[PDB]
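Observations on chain architecture
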Amino acid sequence: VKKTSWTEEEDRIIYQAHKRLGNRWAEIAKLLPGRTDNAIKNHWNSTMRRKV
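Residues numbered from 1 in each chain as written, not as in the entry; some residues may be left out. Heavy atoms only, no water.

Solution NMR is the method the PDB entry lists for this structure.

Some remarks on helix α1 (residues 8–21)
Its 14 residues give α1 an end-to-end C-alpha distance of 20 Å, which sits within 8% of 20 Å, the value for a rise of 1.5 Å per residue. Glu10, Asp11, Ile14, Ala17 and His18 are the residues of α1 that are buried. Within α1, the buried residues cover an arc of 130° as seen down the axis, which keeps them to one side. Exposed side chains of α1 directed beyond 90 degrees from the buried face belong to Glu8, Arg12, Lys19 and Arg20. The inward-facing, buried residues of α1 contact α2 (25–31) and α3 (37–44). Just downstream of α1, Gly22 is the residue with a positive phi angle, here 90°. (Helix = DSSP H or I, 4+ residues; strand = E, 2+ residues; numbered from the N terminus. Expected span 1.5 Å × (residues − 1). Buried < 20%, exposed > 50% of the residue type's maximum accessible area, 1.4 Å probe, protein only. Arc of directions from axis to C-beta. Contact = heavy atoms within 4.5 Å.)

Notes on the nonpolar core
Note that soluble globular proteins tend to have their nonpolar side chains buried in a common cluster. Counting residues in hydrophobic clusters, the biggest one holds 10 residues: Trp6, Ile14, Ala17, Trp25, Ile28, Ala29, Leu32, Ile40, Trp44 and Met48. Where this core is concerned, the elements lending two or more residues are α1, α2 and α3. Of the residues forming this core, the biggest block, 3 residues, is contributed by α2. If near-sequence neighbours (up to four positions away) are discounted, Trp6 is found in contact with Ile14, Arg35, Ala39, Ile40 and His43. (Core = buried A, V, L, I, M, F, W, Y, C linked by side-chain atoms within 4.5 Å.)

A word on the packing of α1 against α3
Where α1 contacts α3, the axes come no closer than 12 Å and their chain directions differ by 90°. Taken together, the axis directions place α1 and α3 in an arrangement best described as roughly perpendicular. Along its contact with α1, which presents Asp11, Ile14, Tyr15 and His18, the element α3 presents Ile40, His43 and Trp44. The residue makeup of the contact of α1 with α3, split by class, is 4 nonpolar, 2 polar and 1 charged. (Axes fitted to C-alpha atoms, helices over the stretch in contact; angles between N-to-C directions. Parallel < 35°, antiparallel > 145°, perpendicular 65-115°, else oblique. Nonpolar A, V, L, I, M, F, W, Y, C, P; charged D, E, K, R; others polar.)

Here it is, written out as structure tokens:
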């Protein structure tokens, strides 16, 4: 399932924030603790793509 990757629970935060701010990883990354723009950006634009 998972071991060294983005957790579904963490994704909850990215989704909630992204739904309001959009692709504003600049802020979502700052709001998150040990996360970065690049990390969230590439993660979302790969995993969180075919959401629907």
